[PDB]
Amino acid sequence: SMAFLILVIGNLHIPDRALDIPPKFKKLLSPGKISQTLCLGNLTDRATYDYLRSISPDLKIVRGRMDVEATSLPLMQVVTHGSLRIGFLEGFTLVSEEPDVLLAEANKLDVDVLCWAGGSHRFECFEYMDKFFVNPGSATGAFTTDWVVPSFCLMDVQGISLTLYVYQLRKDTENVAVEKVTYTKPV
Amino acid sequence: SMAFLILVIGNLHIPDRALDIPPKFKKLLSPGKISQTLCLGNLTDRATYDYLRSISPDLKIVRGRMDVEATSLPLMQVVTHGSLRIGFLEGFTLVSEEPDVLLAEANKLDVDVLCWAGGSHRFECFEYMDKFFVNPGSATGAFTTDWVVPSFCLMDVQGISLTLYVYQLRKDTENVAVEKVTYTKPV
Amino acid sequence: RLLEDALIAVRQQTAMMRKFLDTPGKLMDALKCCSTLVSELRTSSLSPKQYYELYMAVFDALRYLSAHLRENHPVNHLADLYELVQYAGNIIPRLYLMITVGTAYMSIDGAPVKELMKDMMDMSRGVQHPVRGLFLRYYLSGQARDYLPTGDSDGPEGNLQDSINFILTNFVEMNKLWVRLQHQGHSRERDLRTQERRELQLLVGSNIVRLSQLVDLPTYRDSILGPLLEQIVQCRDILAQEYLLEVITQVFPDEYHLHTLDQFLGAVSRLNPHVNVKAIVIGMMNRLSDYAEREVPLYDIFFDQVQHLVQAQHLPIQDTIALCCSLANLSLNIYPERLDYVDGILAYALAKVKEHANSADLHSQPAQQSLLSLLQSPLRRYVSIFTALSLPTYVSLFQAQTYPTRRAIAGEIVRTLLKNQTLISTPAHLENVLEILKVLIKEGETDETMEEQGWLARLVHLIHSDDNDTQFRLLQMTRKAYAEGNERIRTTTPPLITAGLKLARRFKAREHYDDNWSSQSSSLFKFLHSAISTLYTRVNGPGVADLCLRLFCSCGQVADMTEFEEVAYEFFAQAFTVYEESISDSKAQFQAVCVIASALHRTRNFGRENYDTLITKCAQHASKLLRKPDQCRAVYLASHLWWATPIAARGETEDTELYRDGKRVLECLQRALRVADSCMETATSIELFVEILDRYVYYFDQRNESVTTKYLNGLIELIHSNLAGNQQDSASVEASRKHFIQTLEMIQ
Amino acid sequence: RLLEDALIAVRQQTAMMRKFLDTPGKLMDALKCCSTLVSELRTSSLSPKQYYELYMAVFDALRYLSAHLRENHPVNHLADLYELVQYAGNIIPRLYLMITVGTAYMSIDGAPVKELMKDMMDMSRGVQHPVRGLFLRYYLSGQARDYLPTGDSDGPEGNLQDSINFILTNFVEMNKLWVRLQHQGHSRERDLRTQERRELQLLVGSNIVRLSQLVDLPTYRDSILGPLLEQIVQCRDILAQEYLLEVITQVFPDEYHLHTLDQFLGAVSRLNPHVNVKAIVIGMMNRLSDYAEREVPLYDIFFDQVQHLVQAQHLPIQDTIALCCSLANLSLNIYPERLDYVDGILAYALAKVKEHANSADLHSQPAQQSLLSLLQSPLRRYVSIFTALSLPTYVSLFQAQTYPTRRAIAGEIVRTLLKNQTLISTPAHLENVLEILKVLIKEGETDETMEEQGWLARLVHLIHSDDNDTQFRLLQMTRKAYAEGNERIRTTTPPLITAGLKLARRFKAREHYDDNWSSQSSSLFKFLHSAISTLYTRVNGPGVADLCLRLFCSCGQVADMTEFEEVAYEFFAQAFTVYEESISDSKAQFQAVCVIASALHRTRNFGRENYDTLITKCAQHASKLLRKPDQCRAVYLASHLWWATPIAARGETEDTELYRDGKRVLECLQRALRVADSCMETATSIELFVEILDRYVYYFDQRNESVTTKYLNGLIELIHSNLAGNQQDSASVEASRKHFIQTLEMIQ
């Protein structure tokens, strides 16, 4: 639709670890571009929250794994555009992943697109069981000794279709690299 | 002493397990007979309060274990008649029914006679550790926690001596039965 | 004054008359003076009371003269005296003298009785003044009302019929005079005239009294009431109809009236619309009410005819209701239990009352007051008020009572249903009582002060009257009926919890006669969970925690006894949930958690794996409160969670045998000591250490080997070092010393 | 009235003068009309503006006269005309005529110009009335403007001295008159007089402009400023001093001033404090500052003179600080940067100001406002304030600020230090920064990152700039700089934790450079434990538990990564200890146990004695939670302690495999089944059973021999029996059906 851009980002630690996303990314997330932002919490500061509501006319916030106090928020949220029900998460609430846990979770939620950013926070994606599974990686690039290029994603849902734009700040000099991905729900 | 008759009653459980004085007992306890009433709780309402007030010209009550909404009343009370000191409580501000614990509480309160109405809802009395222990049974006939004799007492203090009269509605059929018990304080 | 001047003249005339009566041959002089005296009664200027007083004074003097004559004839005679008294110049004296001599002749002369009596009555028709002729007829009545030509005649002149004729003719003349009283004097003194007539009503009714010493029922029918009814209906006045009909009814026998009831009702139909028919009809119905309360389908005949009469009128609604109340009084008193008659009152009055009631508000209306008295009449007259509940539409008409008064009447009835230690309420009676309850509870300081303590106790008692499983179904429907909001169930449901406590046992007393009794217990415990969850809607209240806490402990015990322990554990976990949401006042949590301790201190069906786990939970939440005294008190009580204590340690899981987990008990007591050292107040710290030492004495004497004499030695040394060495002396410090001395005495 | 009437008369006289000027030999008549016109100037009732305007009209007529004379001499002459014109009766016309004829003589014959100027200059000693003499001397200056004998002469006899004498003498006489304007007239017109002086100041300054279009720099030094300074220092007037000095500065070039700087500064030293020297000095000093910012030992001389002025000038404290601000701006323009000067500014200017600031209390006082502007002035003028930070004594001014302003300024600086990235700081400058931070933190919505939270994050960032050995020292000195208390370190230390996690790896990334990497890790782990234990002290807040748990777990992972696991196990046991001692809320416990599970799901390298011990403790902790739903959730997750999932299930025997203790996993699943049976809910229990069956399919495929397809099949029949036959329909029940259909699809 391009009227409803969804920002997908993670690994916040602001200022808990770092200062900002790339300036070029801040302008790519500047107000007037995104219609709704789905953030995964654990900010931890208020200025970034104010920035985030101001980025899009629709700010949606979910419960975070560092957000032990604001438990009232759900860990997942659905919005509907045409025929799609959309779930998203970070993933630590799972204990394995491989095929049965994703299928079981999809069945519990009955969704079509699933987003997560597990503690490894490294990009991958796959389609499975007529449902869609998305890992944006470590968007802000937070580090850990697990087995990241500054990045974020934009999503555009229309009907049974989802359009994903992945933005990366790649190294040779730091260069912004953009990729587009589209998803359409199978029947 | 005791030209000032003191009514001793317990395990009333109004409306908890039983609701009223036996009619023959209310008439034995009718106003103009009792000068002071020591009630062992579970009245619980203002109506029961005013009636009990009407029974005797000087009503002294302590907090009850289910009398949790009546924040104004004291939790425990001691009275002295001649050379005898008499303390009373329900047992909820007491901690258990162990002999040493009762003796220790009696020693802090400087009392010789203790009235209580535990879950047995059975009249009994015994002397132990030079002190006097009185359970009036259930003045209302409240059911027991054990595997039924309605009873109350009319304690009589004279000097260093206490005479206890227990009135019971005993079964052969409801019959009013009176028993006398005497307690004399150690020197 | 006029009265007094006349009374002076009367006493003067009585004085010379008596001096003449003394002297033989002065009798004629006594009569001349008597005529001069009676001339005073010829005045018409006296007030009614004054004329009455003058008549009475002259009457008593006339009685002296009349006795003198009634003695003179019995002893010699006086010739032609009946003729001689007709010589008198003044007509009122003359006629009084003829009556006096007539009665003297009647005493002396039996043969002339009919002719002389008939003559005196006919010639007394000459009196052209109503009042003077009426008073004259009293002189006649005192003289000769007792001598009439009657059954006392045995064959000569006179018979009971002649006396009946004499009195009926006297009635007609007195009635013509009685109406004529209405028309004498000026028209604007009508109320004064009616007052005078009310004064003179006894004059008419003395004849009725004389009639009631007379002939029987067929003679009553043909020759008294028949005549009396034509006159009663055609006289067309109000004071006479009401007075004369009530006097007839009391004075004549009602056995006679019964044989003539229909004649009475056909007379009641024969009256003016403009006479005070409402008063006569209300008074007749009230008399029939008396015919009912002094404890031929009279009901149907009188009932239906009374409706025709009311339709024949257009009545005030209040008057109609007062007649309905008297109709109720008649049916209730005549038919306390003929439910078909009572229902005919219920049916054949009430809807018609609603159409006749131009139903604006009617609370302060006496029609309302009467409708209450009417409804009370079943209630008062019932041996069994249940019989009111047997009327299908007795209760349903209470809906159609006006509504403030629906509260007043429904409250008063239900209270009366409670002062009587009343009987089984069957489902049918449960439904009618519940409908009454819905009116009380619906639509929703209690300016009612109703209702509940004797109300719940009575309700719980009578619930038991129906069979116990049904009682659960009834309790469940009542539980839906308790949709009234947040300030009822707190005081109403815990008694229902006890009703379930008895029913769970009633199931267990069939544990070898049923095995779904356990399943029935399962249904009741699911009910308990649902009803408690219903209370959790009522977050606004205190003790919401306390009551639930005691209910869960009670239910845990019942779950043990019903072996239905699976829903006990859940209830206890939910009780912990209650522990978390219920933190609002610091002191209140300390007392409540102590209550939690004591309930656990009886809580005995948890398997030890569950119990000790619970014990640790209790100890942690205890160890997460605010202040060190309370923290100490809870810690020393968690020592009692593992030892040969509490009531829990005499368990249905402990088989009365005690835990005695003395190693853990020692660890708890040592932790209590660790908290106790950090009181940072010398006196209270030492007092508590003495109490803890006493707890050590407790476990030593309970044979807790982990509680060693070395711990006692180190604690007594620390108490000795502090007690004297750094305590500022105080009443508490002295008590702590006395306690320590006692504790040394116990340790020997 | 008078001014316009006079102007009319002036126009009449100009008409008659010019009509005479047309005729040669009417020149004397033209002069008579010109004198009659200038007679209008004999009124003194005109305002300064009105008298000036009349002067302008007479001046304009004089322009006609002066051109006429400068034409008469070119055509014939009139002998002795300069003398002959001195016969005029009116003195002001006569002297204006003297100037006019004089200039005509200078135009006609250049040889007497020098001689004529001495005569004309001498005769200007007459008119000492300030207004009239000033206007006359203005006429003289305009007429005699172009004829001066000098090195710039016109060809008359005369050297640079004759013009210097003419202009200096003309300056002194007009300045004497101009000051006399202050005095002339009457005493209540002082403001009018000051107005007159401001009006006539151009007359005085035209001489200075004329001097600058005259003699050069050595002549300026010897024979211009000397006279000018003598007048400036000797007037003790205020209006003349500001005007005359600014005119000197502007009109003569600064190349000239530079040759006279010491003469200027010797004038700068005598400034009389009650003379409005402050305004003159601020405008001159500001000009020199501006001179500096157009960007002879002036710094030393002027610095010293400023001290002499301050000893002379003692001004209200705000005024003194504002002068200090301008002095700071001057120093900024002069010398912010060469370090000996920067220190001399700090001590002998800035310290001297602080000692001289005998200040009343001032944080909101404008003296503070100026002191802030003053201190900001180094900061603004430091384009590279880093070079300001190359003072060790950079902080030293913070010593001299009051605490409110030390905190306010340090905040503003640190904020500016956040709008910028501050450089890689050397170990030493980190301490200086720390002292600044200590001033910020001590004594004391922090959306400014108040006081340094995003600043702490940057600091942790900058730690990375140096290498591991320097980093260890920096981290230890910063950790000392973390003596700050319980309400601060919560938000500041976890970034230090990350600084240590990177430094521990930076030590490990030296295992082939120093095998003390284990020892380096050991020192860092003791340092970190000491800092976390510091946190443990400060239990007063939420997350104090959370944060300590996360840091201890994190250190456990670093110990894993470094294989420095010996200090890992202690930290994990201590974390369990934290769980037991400090965590209460059941829901909070659920989150904590899930994070603990996930952290184990990152636990790999422990020796099996430690590892397996942790696995069993963890299984116990799983078996020690609170709620039955939760009891199930923990039990199915403890299957993962044994199963072929997750990292926690790696034993050092499994060879990269996860325990796959499918026997134990089955025992766990049976425990989950026993917990499921005692849940007392149908839909979620069945849903959970389906999830467990899917987990069974998982364990079948992950090779649980104890998980068999027959068990799955029997469970699907039990699910089939439950799904339809006892599930009350709900979104969950449909999901459970969909899940069961999926699970059947999985079993194929």
# chains A, B, ... in the order shown; residues from 1 in each chain; ligands from 1

$ calpha_fit_rmsd --fixed "chain D" --moving "chain C"
3.8 Å

$ residues_around --residues "segment 151-156 of chain A" --least-positions-apart "2" --cutoff "7 Å" --atoms "only C-alpha atoms" --output "VMD selection string"
chain A and resid 1 to 2 4 to 9 136 139 to 140 149 158 162 to 169

$ write_last_selection --atoms "C-alpha atoms" --output "PDB file, in the first residue's frame"
ATOM      1  CA  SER A   1       0.000   0.000   0.000  1.00  0.00           C
ATOM      2  CA  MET A   2       2.957   2.308   0.799  1.00  0.00           C
ATOM      3  CA  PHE A   4       1.178   2.076   5.944  1.00  0.00           C
ATOM      4  CA  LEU A   5       4.910   1.668   6.486  1.00  0.00           C
ATOM      5  CA  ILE A   6       5.876  -0.462   9.494  1.00  0.00           C
ATOM      6  CA  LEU A   7       9.293   0.101  11.032  1.00  0.00           C
ATOM      7  CA  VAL A   8      10.979  -3.056  12.309  1.00  0.00           C
ATOM      8  CA  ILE A   9      13.928  -2.418  14.611  1.00  0.00           C
ATOM      9  CA  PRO A 136      15.137  -8.436  11.128  1.00  0.00           C
ATOM     10  CA  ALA A 139      18.686  -3.613  13.724  1.00  0.00           C
ATOM     11  CA  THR A 140      20.596  -1.223  15.965  1.00  0.00           C
ATOM     12  CA  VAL A 149      25.532  -3.815  10.497  1.00  0.00           C
ATOM     13  CA  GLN A 158      -1.820  -4.596   1.955  1.00  0.00           C
ATOM     14  CA  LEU A 162       3.496  -7.547   3.056  1.00  0.00           C
ATOM     15  CA  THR A 163       6.314  -5.452   1.628  1.00  0.00           C
ATOM     16  CA  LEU A 164       9.606  -5.452   3.530  1.00  0.00           C
ATOM     17  CA  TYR A 165      12.295  -2.830   3.038  1.00  0.00           C
ATOM     18  CA  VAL A 166      15.575  -3.664   4.766  1.00  0.00           C
ATOM     19  CA  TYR A 167      18.004  -0.803   5.324  1.00  0.00           C
ATOM     20  CA  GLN A 168      21.630  -1.541   6.102  1.00  0.00           C
ATOM     21  CA  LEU A 169      24.656   0.639   6.872  1.00  0.00           C
TER      22      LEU A 169
END

$ residues_around --residues "residue 681 of chain D" --least-positions-apart "3" --cutoff "12 Å" --atoms "only C-alpha atoms" --output "PyMOL selection string"
(chain C and resi 526+567+570) or (chain D and resi 628-629+675-678+684-689+722+726-728)

$ residues_around --residues "residue 115 of chain B" --least-positions-apart "5" --cutoff "6 Å" --atoms "only C-alpha atoms" --output "MDAnalysis selection string"
chainID B and resid 88 133:135

$ write_last_selection --atoms "N, CA and C atoms" --output "PDB file, in the first residue's frame"
ATOM      1  N   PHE B  88      -8.479 -10.656  79.626  1.00  0.00           N
ATOM      2  CA  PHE B  88      -9.153 -11.504  78.660  1.00  0.00           C
ATOM      3  C   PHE B  88      -8.902 -11.043  77.238  1.00  0.00           C
ATOM      4  N   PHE B 133      -8.226 -21.063  83.966  1.00  0.00           N
ATOM      5  CA  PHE B 133      -8.470 -21.107  82.533  1.00  0.00           C
ATOM      6  C   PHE B 133      -9.909 -21.513  82.286  1.00  0.00           C
ATOM      7  N   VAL B 134     -10.642 -20.694  81.541  1.00  0.00           N
ATOM      8  CA  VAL B 134     -12.074 -20.886  81.374  1.00  0.00           C
ATOM      9  C   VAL B 134     -12.423 -20.842  79.898  1.00  0.00           C
ATOM     10  N   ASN B 135     -13.123 -21.859  79.427  1.00  0.00           N
ATOM     11  CA  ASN B 135     -13.654 -21.838  78.070  1.00  0.00           C
ATOM     12  C   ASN B 135     -15.158 -21.929  78.241  1.00  0.00           C
TER      13      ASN B 135
END

$ closest_residue --among "A:104, A:113, A:73, A:178" --to "chain D" --atoms "only C-alpha atoms"
A:104

$ closest_atom_pairs --of "chain D" --to "chain A" --cutoff "7 Å" --atoms "only C-alpha atoms" --output "tab-separated table"
residue	atom	partner	partner_atom	distance
D:447	CA	A:47	CA	6.7
D:454	CA	A:15	CA	5.7
D:457	CA	A:17	CA	6.4
D:495	CA	A:17	CA	6.6
D:645	CA	A:96	CA	6.0
D:646	CA	A:96	CA	6.3
D:694	CA	A:100	CA	6.8
D:698	CA	A:100	CA	6.6
D:735	CA	A:108	CA	6.5
D:739	CA	A:107	CA	5.7

$ write_last_selection --atoms "N, CA, C and O atoms" --output "PDB file, in the first residue's frame"
ATOM      1  N   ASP D 447      16.048  13.981  31.595  1.00  0.00           N
ATOM      2  CA  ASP D 447      16.059  13.926  30.142  1.00  0.00           C
ATOM      3  C   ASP D 447      17.132  14.823  29.548  1.00  0.00           C
ATOM      4  O   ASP D 447      17.341  14.811  28.332  1.00  0.00           O
ATOM      5  N   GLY D 454      23.527   9.738  29.578  1.00  0.00           N
ATOM      6  CA  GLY D 454      23.985   9.521  28.221  1.00  0.00           C
ATOM      7  C   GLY D 454      25.429   9.914  28.119  1.00  0.00           C
ATOM      8  O   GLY D 454      26.181   9.384  27.290  1.00  0.00           O
ATOM      9  N   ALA D 457      27.207   6.868  29.220  1.00  0.00           N
ATOM     10  CA  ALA D 457      27.285   5.956  28.078  1.00  0.00           C
ATOM     11  C   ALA D 457      28.399   6.345  27.110  1.00  0.00           C
ATOM     12  O   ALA D 457      29.176   5.495  26.667  1.00  0.00           O
ATOM     13  N   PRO D 495      26.583   0.201  32.327  1.00  0.00           N
ATOM     14  CA  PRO D 495      27.537   0.546  31.259  1.00  0.00           C
ATOM     15  C   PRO D 495      28.978   0.250  31.608  1.00  0.00           C
ATOM     16  O   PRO D 495      29.760  -0.159  30.746  1.00  0.00           O
ATOM     17  N   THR D 645      17.353 -29.899  23.369  1.00  0.00           N
ATOM     18  CA  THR D 645      17.132 -28.459  23.391  1.00  0.00           C
ATOM     19  C   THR D 645      17.093 -27.997  24.840  1.00  0.00           C
ATOM     20  O   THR D 645      16.585 -28.729  25.695  1.00  0.00           O
ATOM     21  N   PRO D 646      17.619 -26.807  25.169  1.00  0.00           N
ATOM     22  CA  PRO D 646      18.545 -25.879  24.506  1.00  0.00           C
ATOM     23  C   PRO D 646      19.979 -25.984  25.039  1.00  0.00           C
ATOM     24  O   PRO D 646      20.265 -26.936  25.759  1.00  0.00           O
ATOM     25  N   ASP D 694       2.713 -32.272  20.652  1.00  0.00           N
ATOM     26  CA  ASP D 694       3.630 -31.717  19.662  1.00  0.00           C
ATOM     27  C   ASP D 694       5.066 -31.738  20.163  1.00  0.00           C
ATOM     28  O   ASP D 694       5.999 -32.025  19.405  1.00  0.00           O
ATOM     29  N   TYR D 698       8.218 -33.713  18.679  1.00  0.00           N
ATOM     30  CA  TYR D 698       9.546 -33.123  18.737  1.00  0.00           C
ATOM     31  C   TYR D 698      10.578 -34.053  19.361  1.00  0.00           C
ATOM     32  O   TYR D 698      11.669 -34.245  18.817  1.00  0.00           O
ATOM     33  N   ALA D 735      -9.064 -22.928  18.229  1.00  0.00           N
ATOM     34  CA  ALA D 735      -7.614 -22.981  18.087  1.00  0.00           C
ATOM     35  C   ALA D 735      -7.066 -24.345  18.481  1.00  0.00           C
ATOM     36  O   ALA D 735      -6.131 -24.843  17.859  1.00  0.00           O
ATOM     37  N   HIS D 739      -4.968 -26.676  16.145  1.00  0.00           N
ATOM     38  CA  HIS D 739      -3.709 -27.216  16.635  1.00  0.00           C
ATOM     39  C   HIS D 739      -3.694 -28.738  16.584  1.00  0.00           C
ATOM     40  O   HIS D 739      -2.697 -29.337  16.187  1.00  0.00           O
TER      41      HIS D 739
END

$ residues_around --residues "residue 168 of chain C" --least-positions-apart "3" --cutoff "9 Å" --atoms "only C-alpha atoms" --output "ChimeraX atom specification"
/C:163-165,171-173,207,223-224,227-228
